[PDB]
């Protein structure tokens, strides 16, 4: 009763036609799908192009969805409504690194009784970059807050923080539908961070610390960088 859903639209703006961009001779979306199928889970691509569907068709289910859906999570919400499932992972279509254990860790955490779980890695590079999301945690590993600002403020030094949030999320289905029904919240819209809707509405997010390398492909520089890593 599990699925990994991947939203991957064709109309990326910072890189032309992202899902189809070749990484070491293989389209980005195929890297993501290959890695996710190897985990043995049910994998569902949500896309708005048959050209993208045709690249991974052989490996997983694809569902076409309106191009004009305004976010990755709206695209996932749009396929999840019609899917009879209990536990969902939402995976970024531009994240070619996939680790079976993290997928497993996420699903186990949900089976323990968590409604929302996500990932974070120790990373100093992200600290002062507004495009990277930082996260701070309570003693049991629940997120206190996520921000584009450099959090925490280092009045004293530390080797654990700062953390970079990795935008992969596990949900219980009903919590994900609940999220879809809540109006956008105040800090969510200020920061441009959908995950704040959960926090602002008192939904706990379990954050798991991973050492595995993640790094999305948004720009031509990311593609060059992530190309080198995949060796």
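Residue numbers count along the first chain shown, from 1.
Colleague: Read off the CA B-factors in the entry, average them over 27 to 35 and over 184 to 192, and name the higher stretch.
Modeller: Mean C-alpha B-factor is greater for 27 to 35.
Colleague: Which wins on mean Cα temperature factor, 98 to 106 or 146 to 154?
Modeller: Of 146 to 154 and 98 to 106, the stretch with the higher C-alpha B-factor average is 98 to 106.
Colleague: Looking at 116, 119, 87, 133, which has the biggest Cα B factor in the entry?
Modeller: Highest C-alpha B-factor among the listed residues goes to 87.
Colleague: Based on the entry's values, in what third of the chain does the Cα temperature factor of residue 223 lie: lowest, middle or highest?
Modeller: Its C-alpha B-factor belongs to the highest third of this chain's values.
Colleague: Looking at the C-alpha B-factor of residue 124, is it in the lowest, middle or highest third of its chain?
Modeller: It falls in the middle third of the chain.
Colleague: Consider only the C-alpha atoms of the modelled residues in this chain, order them by B-factor as the entry records it, and name the third containing residue 163: lowest, middle or highest.
Modeller: For residue 163, whose C-alpha B-factor we compare with every modelled residue in the chain, the answer is the lowest third.
Colleague: Quick one: classify residue 82 as lowest, middle or highest third of the chain based on its Cα B-factor.
Modeller: Its C-alpha B-factor, which the entry lists for residue 82, ranks in the highest third among residues of this chain.
Colleague: Hey, what third does residue 111 fall into on Cα B-factor, ranked over its chain?
Modeller: Top third by C-alpha B-factor.
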